[PDB]
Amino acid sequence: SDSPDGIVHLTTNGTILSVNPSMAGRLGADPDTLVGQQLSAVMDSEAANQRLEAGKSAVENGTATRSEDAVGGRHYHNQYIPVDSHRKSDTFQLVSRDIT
């Protein structure tokens, strides 16, 4: 589609390290307001929670992982990709595809 996927670099405790221009615009903020924040400070809290449970698991098992959630009026298919599997097992990329 017109928006590349939303990408956000996360901590396993939920801290946004990074955000895509797509993810930022979706969230209706700019990355500078976004990057300190807790993911659930920033979107549906309940959904942030599950998304984070998913990335926790991904990181634990050293493996890429997918989940679908319905947030807003919209559907997403999420991928959770541990960065630095062995050493950096604290962080992951969440790739988020709008599949509405």
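The first residue of the sequence shown is number 1, and the count goes up from there.
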item	value
Mean C-alpha B-factor comparison - 83-91 and 7-15, higher one	83-91
For residue 50, the third of its chain into which the C-alpha B factor falls	highest
CA B-factor placement of residue 33, once the chain's modelled residues are sorted into thirds	highest
CA B-factor ranking of residue 41, expressed as a third of its chain	middle
Chain third (lowest, middle, highest) by recorded CA B-factor, residue given as residue 64	middle
